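Report on the structure given below.
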Amino acid sequence: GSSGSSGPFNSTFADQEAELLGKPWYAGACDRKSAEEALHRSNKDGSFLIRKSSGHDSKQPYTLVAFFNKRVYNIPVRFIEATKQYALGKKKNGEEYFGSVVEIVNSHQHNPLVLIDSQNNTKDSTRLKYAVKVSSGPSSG
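Quick note: the sequence shown uses the authors' numbering, first residue 1, plus one each step.
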């Protein structure tokens with residue numbers, strides 16, 4: 001947007017990717033559907049996986065997907081450039097401000113992440129315990 005612009009001129013997020021590639025939870029640029037599948041197949045309330053947002057995204061760099069008892073919750077991981085921090089879901093009257101995406105997982109690992117499904121009002125949090133990363137494979141087709 002204001003800072004971002006055509007060309008690699010501004011490649012802030014990229015740097016973060018370096019510390020994301022390889023992670024057993026980093027779904028990468030894998031199809032959204034696949035992300036859910038890999039989760040539904042797990043069947044272990046607590047699994048998670050970060051899936052890179054659409055191409056040329058700023059406000060929404062990545063998105064966290066915490067799998068629950070036969071359920072899938074994909075919360076948007078907005079990035080407050082103002083302070084270069086990260087947050088979960090839309091803005092709130094005192095949302096949590098992290099330094100990076102990895103932190104959201106590290107801190108969560110121990111701290112519970114309330115899953116307030118706007119649609120299904122069900123207060124049920126869970127501390128990241130499992131890491132299910134989706135993968136298509138080398139064979140394209």
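Don't be surprised by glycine CBs; every beta carbon is placed ideally from N, CA and C.
| Query | Result |
| --- | --- |
| Would you report the Cα separation of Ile-75 and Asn-43, rounded to the nearest angstrom? | 19 Å |
| Roughly how many whole angstroms lie between the Cα atoms of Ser-140 and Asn-93? | 45 Å |
| Taking 8 Å as the limit between beta carbons, can you name the residues of its chain near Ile-50, skipping five residues before and five after? | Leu-20, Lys-23, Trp-25, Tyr-26, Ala-27, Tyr-62, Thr-63, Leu-64, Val-65, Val-77, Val-101, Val-105 |
| What residues in its chain sit with their C-beta under 8 Å from that of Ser-125, if we drop five residues either side in the sequence? | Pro-112, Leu-113, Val-114, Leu-115 |
| Classify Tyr-97: buried if its beta carbon has 16 or more other beta carbons within 10 angstroms, exposed otherwise. | exposed |
| Looking at the strands, I want to know which residues DSSP matches up with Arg-71. | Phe-68 |
| Return helix, strand or coil for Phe-98, following the three-state DSSP convention. | strand |
| Expressed to the nearest angstrom, what Euclidean distance is found between the alpha-carbon atoms of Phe-79 and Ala-29? | 18 Å |
| Which residues does DSSP pair with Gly-28 in a beta bridge? | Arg-51 |
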